[PDB]
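Data first, discussion second: the structure below is written as structure tokens.
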2 protein chains.
Amino acid sequence: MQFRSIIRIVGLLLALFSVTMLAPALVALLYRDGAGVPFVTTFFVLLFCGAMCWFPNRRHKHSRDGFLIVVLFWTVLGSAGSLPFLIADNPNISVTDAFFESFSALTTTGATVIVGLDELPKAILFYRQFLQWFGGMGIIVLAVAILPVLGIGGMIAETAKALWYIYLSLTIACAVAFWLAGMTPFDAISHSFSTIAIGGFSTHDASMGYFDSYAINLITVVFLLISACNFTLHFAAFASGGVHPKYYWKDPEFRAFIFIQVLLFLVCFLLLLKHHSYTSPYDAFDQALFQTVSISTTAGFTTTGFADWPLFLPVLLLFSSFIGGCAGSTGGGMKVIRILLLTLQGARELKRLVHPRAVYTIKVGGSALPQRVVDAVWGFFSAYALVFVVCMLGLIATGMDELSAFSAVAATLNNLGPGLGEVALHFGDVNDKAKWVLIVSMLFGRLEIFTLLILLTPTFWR
Amino acid sequence: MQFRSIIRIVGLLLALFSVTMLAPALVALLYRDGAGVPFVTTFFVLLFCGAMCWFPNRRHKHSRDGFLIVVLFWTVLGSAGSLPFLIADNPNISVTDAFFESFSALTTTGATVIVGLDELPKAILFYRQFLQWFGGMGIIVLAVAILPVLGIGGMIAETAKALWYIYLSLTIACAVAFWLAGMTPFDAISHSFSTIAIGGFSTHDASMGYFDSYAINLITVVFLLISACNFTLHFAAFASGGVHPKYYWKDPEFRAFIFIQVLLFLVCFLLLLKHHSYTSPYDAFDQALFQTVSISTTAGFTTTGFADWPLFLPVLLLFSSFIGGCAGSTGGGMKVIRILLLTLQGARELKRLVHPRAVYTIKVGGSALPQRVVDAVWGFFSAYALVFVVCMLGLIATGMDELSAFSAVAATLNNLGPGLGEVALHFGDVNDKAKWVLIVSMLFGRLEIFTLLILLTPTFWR
Ligand SMILES: [K+]
Ligand SMILES: [K+]
């Protein structure tokens, strides 16, 4: 087991986290407004705690450890990251609310309990976006860095930098475009933070409701679509050539993400027209395209409130939220390939009933899928259902009413952010226990459900 | 394919159905009350249509036919059985309402759209119960009769009579007991019809709310539990003497059904106590014990309205509605063995993550399950979820609101069918399209989802 060498990495990570508190404290002296005293207190207590772990250890005793690591990386960082939200009496908020905000930020869930954030320190807002960006690193270097500790192919740090490039040259390349459709520079850095990590956080209390310019809406769209799609596939970029064209339409995962996106928008738009839910058919186009792309790819950004929207639309959207993101992106539904595979496998299951003496094989690209991963997919989907209904009961038990709890889990297990059900979105004054439960829900939502469930099976130890 | 020999059995069934219209027409002349003109009109149009099918055929050209038949037996009979509810202007009701009532009746769904049935002809009420009883035959002789046409073991009419005996000596043995806790004989036969076929229909508009005597509540409980339990397992009754005892606690399906029932009751009761939802700690026991068994074993009978019940309870009940009935009984959730197996399979999936080079096998009784049935189970669960969310969308689109459509599907896909969500139960005045949707929902719910799904795959033909 050797937790003694695991704690080395934990403390090392706390120090590495401390060196990111100097990032919105450098906005606590730049932008004149508010208080950044906490951020510099935090940079201290964290560096101290972390190094108080790293130093009494120093042992690289390089399975059961890998999981425990990728649960500590969140459980600790998302806990430590609730410290600015505590000492700071600028948005003075409850400890549980602080935790909810920190975890929701770090998970790239994006569901706030701080109302009235439009008028707060330019730092405590920047921290909010920076968290999303930073966790948005984890969620994609953990689609590579796990291999040494864990198994994807158990079911190379060449790409640790090479990914950070695709990420940086995306947030920057977005910031320019955002501030070219005219946000304040601050808002265009802090909204690329949110839009690339597919998180949903904003500076405006109405998210993407500042400037109804189809410029920013239809920018957020294309940068979401880019961000919501398989950084290893993007990796056909720095790998010299810019021979992008064919690689995307090669992989059937992406091909499916595109069919899904198209169909979903199409139906949404067409119903928004049929229903006369928008004055101009153009605004219908806008709001439809932005809402489907944002909500289904696990983004969270809202440009409307579904005022004129037929209930069928926010419901079907909250459902399509279960399928968002080429696997190994910054999204976090039961990722696209999961649904692809699922439909394939079930299709088979329907075929076998007809001719049962027949040999049907699951075909993805060319090679067949093994009956060890099909089992894994099905088991995952089931587990997902379990977790969802369990936390739905947990919320109804917390005190919450039925539909609000349904929306809540459906928003924290996919890591959405919006209530999205029947305009019951706002978490601020929800039950406290509910806040904790929902935090759990988004920890599950991040760890793809299994790598936490196994933590409490006896079989894990030892 | 040869549909030509299929029509023989279809018409033969319309005639066999005609000769059961003389059964509540024999109550339209016995009990002085009401109008039985329809039942004798129906006995004619049905005998005529049926024989107009059987006669121009006569060919016993003894898979895909087995399926097409076991969809015809419901789709045809449940349509034909909507004929009394049409011509009769005593509860004069819309055609779609008539179909809803007939299909819900024959399915053992148990969800009425006729409010105020307390004051109706003693025949049209008896027809309502008789339907449930007759379908309650189908749902258990199709756990035998299918084998020649189809496959359970593709994934003997010795027992065709032998089942009808365990069924008859149960409805009779219940009718007596009901009329010994003092119902009118009519109400004690027509409630054994419903309580054995696990259907949920009643004579009283408040179902089991006539006489809050724990006598009848705790009779209905004990006859539900028996009826809700594996007639093939019961078959250890007529064969040899009363050597029942060991057989039950041998089979782990039943062994699981008992744990489930107990745990469910326990939590329910204990919460009805903690919440002070009942004046005396006796009525708490009563209502808990009756409600868990009724709602979870797919019965439908209600003795309360969940006035003081903590919301957590009707919700958890509506969910436990998904798993009800020893497999091959009169229930119709995703039957108990399914959930047992599912949990086993997922537990396994959770084990493989830890030690991945290991050989884990699924164990039920003694022999392991083959990896052709685990696949089938998982596929079934997935399909189930799919169907549910699809019909929930179909209903939210029909016009219904979100939570109501949810309760509706969750009640018709398992065949409960009380609303049960947050006191929005009553189907009578729901949208008209929605009624059709719900009929589909309960056809799926009856046919275990696959054996109708495959009917619309191209692969089925030919
Ligand atoms: K999000
Ligand atoms: K029922």
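Starting from 1 in every chain, residues are counted up; chains themselves are A, B, ... following the order of the structure tokens, and ligands are numbered from 1 as listed.
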As a PyMOL selection string, please: all residues of range 83-173 of chain B that backbone DSSP puts in alpha helix (DSSP H). chain B and resi 84-87+95-106+124-141+146-149+158-173
Taking only C-alpha atoms into account, report as a VMD selection string which residues of chain B lie within 7 Å of chain A. chain B and resid 64 312 346 349 to 351 354 376 378 to 379 393 396 to 397 403 454 459 to 460
Kindly work out which residues sit at most 10 Å from ligand 2, using only C-alpha atoms and all ligand atoms, and give the list as a PyMOL selection string. chain B and resi 104-105+107-111+132+194-195+197-201+294-301+330-333+411-412+414-418
CA of residue 13 in chain A and CA of residue 54 in chain A, how far apart in Å? 9.0 Å
Long-range neighbours of range 246-254 of chain B as a ChimeraX atom specification, 9 Å cut-off, only C-alpha atoms, 6 positions minimum in chain: /B:229-230,233-234,236,326-327,336-337,340,364-365
Preceding selection exported with N, CA and C atoms as a PDB file, in the first residue's frame:
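Resulting contents of again28.pdb:
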```
ATOM      1  N   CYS B 229     -45.002 -14.336  -6.136  1.00  0.00           N
ATOM      2  CA  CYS B 229     -43.868 -15.225  -5.957  1.00  0.00           C
ATOM      3  C   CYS B 229     -43.842 -16.533  -6.743  1.00  0.00           C
ATOM      4  N   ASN B 230     -43.423 -16.457  -8.004  1.00  0.00           N
ATOM      5  CA  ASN B 230     -42.873 -17.610  -8.725  1.00  0.00           C
ATOM      6  C   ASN B 230     -43.725 -18.877  -8.763  1.00  0.00           C
ATOM      7  N   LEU B 233     -42.194 -22.125  -8.764  1.00  0.00           N
ATOM      8  CA  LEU B 233     -41.633 -22.484  -7.469  1.00  0.00           C
ATOM      9  C   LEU B 233     -42.775 -23.031  -6.623  1.00  0.00           C
ATOM     10  N   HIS B 234     -43.944 -22.402  -6.744  1.00  0.00           N
ATOM     11  CA  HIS B 234     -45.150 -22.869  -6.063  1.00  0.00           C
ATOM     12  C   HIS B 234     -45.480 -24.289  -6.493  1.00  0.00           C
ATOM     13  N   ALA B 236     -44.082 -26.786  -6.488  1.00  0.00           N
ATOM     14  CA  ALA B 236     -43.652 -27.769  -5.506  1.00  0.00           C
ATOM     15  C   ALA B 236     -44.815 -28.076  -4.555  1.00  0.00           C
ATOM     16  N   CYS B 326     -40.982 -12.320  -7.613  1.00  0.00           N
ATOM     17  CA  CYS B 326     -40.218 -13.495  -8.009  1.00  0.00           C
ATOM     18  C   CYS B 326     -40.451 -13.664  -9.508  1.00  0.00           C
ATOM     19  N   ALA B 327     -39.390 -13.957 -10.254  1.00  0.00           N
ATOM     20  CA  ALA B 327     -39.490 -14.061 -11.705  1.00  0.00           C
ATOM     21  C   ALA B 327     -40.454 -15.161 -12.110  1.00  0.00           C
ATOM     22  N   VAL B 336     -37.153  -9.519  -9.821  1.00  0.00           N
ATOM     23  CA  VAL B 336     -36.124  -9.696  -8.785  1.00  0.00           C
ATOM     24  C   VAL B 336     -34.778 -10.318  -9.206  1.00  0.00           C
ATOM     25  N   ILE B 337     -34.789 -11.491  -9.845  1.00  0.00           N
ATOM     26  CA  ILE B 337     -33.527 -12.099 -10.297  1.00  0.00           C
ATOM     27  C   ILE B 337     -32.687 -11.145 -11.131  1.00  0.00           C
ATOM     28  N   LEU B 340     -30.943  -8.882  -8.624  1.00  0.00           N
ATOM     29  CA  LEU B 340     -29.968  -9.707  -7.921  1.00  0.00           C
ATOM     30  C   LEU B 340     -28.717  -9.874  -8.777  1.00  0.00           C
ATOM     31  N   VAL B 364     -24.968 -17.881  -8.576  1.00  0.00           N
ATOM     32  CA  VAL B 364     -26.332 -17.737  -8.058  1.00  0.00           C
ATOM     33  C   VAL B 364     -26.727 -18.875  -7.115  1.00  0.00           C
ATOM     34  N   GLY B 365     -26.997 -20.054  -7.662  1.00  0.00           N
ATOM     35  CA  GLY B 365     -27.412 -21.168  -6.836  1.00  0.00           C
ATOM     36  C   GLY B 365     -26.202 -22.022  -6.540  1.00  0.00           C
TER      37      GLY B 365
END
```
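Neighbouring residues of residue 127 in chain A at 9 Å or closer, counting only C-alpha atoms and skipping chain neighbours under 2 positions away, are residues 21, 23, 24, 25, 39, 84, 122, 123, 124, 125, 129, 130, 131 and 132 of chain A.
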Same residues, N, CA, C and O atoms, output as a PDB file, in the first residue's frame:
```pdb
ATOM      1  N   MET A  21      -1.613  30.613  -5.789  1.00  0.00           N
ATOM      2  CA  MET A  21      -2.367  31.588  -5.001  1.00  0.00           C
ATOM      3  C   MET A  21      -1.765  32.968  -5.215  1.00  0.00           C
ATOM      4  O   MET A  21      -2.361  33.995  -4.877  1.00  0.00           O
ATOM      5  N   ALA A  23      -1.361  33.950  -8.038  1.00  0.00           N
ATOM      6  CA  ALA A  23      -1.908  34.235  -9.357  1.00  0.00           C
ATOM      7  C   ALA A  23      -3.140  35.144  -9.302  1.00  0.00           C
ATOM      8  O   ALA A  23      -3.315  35.992 -10.176  1.00  0.00           O
ATOM      9  N   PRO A  24      -4.009  34.975  -8.287  1.00  0.00           N
ATOM     10  CA  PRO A  24      -5.057  35.992  -8.206  1.00  0.00           C
ATOM     11  C   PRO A  24      -4.748  37.031  -7.132  1.00  0.00           C
ATOM     12  O   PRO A  24      -5.530  37.960  -6.930  1.00  0.00           O
ATOM     13  N   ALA A  25      -3.614  36.865  -6.456  1.00  0.00           N
ATOM     14  CA  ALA A  25      -3.096  37.895  -5.561  1.00  0.00           C
ATOM     15  C   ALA A  25      -2.316  38.908  -6.395  1.00  0.00           C
ATOM     16  O   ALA A  25      -2.038  40.020  -5.947  1.00  0.00           O
ATOM     17  N   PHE A  39      -5.583  35.428  -0.124  1.00  0.00           N
ATOM     18  CA  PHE A  39      -4.832  34.655  -1.113  1.00  0.00           C
ATOM     19  C   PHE A  39      -3.356  34.493  -0.728  1.00  0.00           C
ATOM     20  O   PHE A  39      -2.735  33.453  -0.985  1.00  0.00           O
ATOM     21  N   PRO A  84      -9.414  30.424   0.503  1.00  0.00           N
ATOM     22  CA  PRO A  84      -9.693  31.826   0.173  1.00  0.00           C
ATOM     23  C   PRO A  84     -11.140  32.206   0.476  1.00  0.00           C
ATOM     24  O   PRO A  84     -11.384  33.243   1.093  1.00  0.00           O
ATOM     25  N   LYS A 122     -12.097  41.944  -7.750  1.00  0.00           N
ATOM     26  CA  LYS A 122     -11.700  41.433  -9.055  1.00  0.00           C
ATOM     27  C   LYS A 122     -10.776  40.224  -8.898  1.00  0.00           C
ATOM     28  O   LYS A 122     -10.398  39.590  -9.878  1.00  0.00           O
ATOM     29  N   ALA A 123     -10.426  39.905  -7.656  1.00  0.00           N
ATOM     30  CA  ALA A 123      -9.514  38.809  -7.362  1.00  0.00           C
ATOM     31  C   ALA A 123     -10.290  37.558  -6.987  1.00  0.00           C
ATOM     32  O   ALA A 123     -10.062  36.482  -7.536  1.00  0.00           O
ATOM     33  N   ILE A 124     -11.224  37.718  -6.058  1.00  0.00           N
ATOM     34  CA  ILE A 124     -12.082  36.628  -5.616  1.00  0.00           C
ATOM     35  C   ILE A 124     -12.966  36.145  -6.775  1.00  0.00           C
ATOM     36  O   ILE A 124     -13.560  35.072  -6.714  1.00  0.00           O
ATOM     37  N   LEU A 125     -13.019  36.925  -7.849  1.00  0.00           N
ATOM     38  CA  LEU A 125     -13.723  36.512  -9.057  1.00  0.00           C
ATOM     39  C   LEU A 125     -12.741  35.739  -9.945  1.00  0.00           C
ATOM     40  O   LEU A 125     -13.062  34.684 -10.551  1.00  0.00           O
ATOM     41  N   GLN A 129     -12.430  31.809 -11.471  1.00  0.00           N
ATOM     42  CA  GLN A 129     -12.213  31.320 -12.835  1.00  0.00           C
ATOM     43  C   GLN A 129     -10.943  30.460 -12.936  1.00  0.00           C
ATOM     44  O   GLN A 129     -10.864  29.478 -13.710  1.00  0.00           O
ATOM     45  N   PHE A 130      -9.970  30.811 -12.105  1.00  0.00           N
ATOM     46  CA  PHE A 130      -8.658  30.193 -12.128  1.00  0.00           C
ATOM     47  C   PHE A 130      -8.758  28.754 -11.664  1.00  0.00           C
ATOM     48  O   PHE A 130      -8.136  27.874 -12.252  1.00  0.00           O
ATOM     49  N   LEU A 131      -9.507  28.529 -10.587  1.00  0.00           N
ATOM     50  CA  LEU A 131      -9.861  27.172 -10.174  1.00  0.00           C
ATOM     51  C   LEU A 131     -10.349  26.309 -11.335  1.00  0.00           C
ATOM     52  O   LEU A 131      -9.797  25.240 -11.575  1.00  0.00           O
ATOM     53  N   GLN A 132     -11.389  26.759 -12.033  1.00  0.00           N
ATOM     54  CA  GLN A 132     -11.887  26.035 -13.204  1.00  0.00           C
ATOM     55  C   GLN A 132     -10.783  25.718 -14.213  1.00  0.00           C
ATOM     56  O   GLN A 132     -10.736  24.616 -14.770  1.00  0.00           O
TER      57      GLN A 132
END
```
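CA of residue 29 in chain B is positioned 10.7 Å from CA of residue 121 in chain B.
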What's around residue 221 in chain A at 8 Å? Count only C-alpha atoms, leave out sequence neighbours fewer than 5 positions away in its own chain, and write the answer as a PyMOL selection string. chain A and resi 289-290+293-294
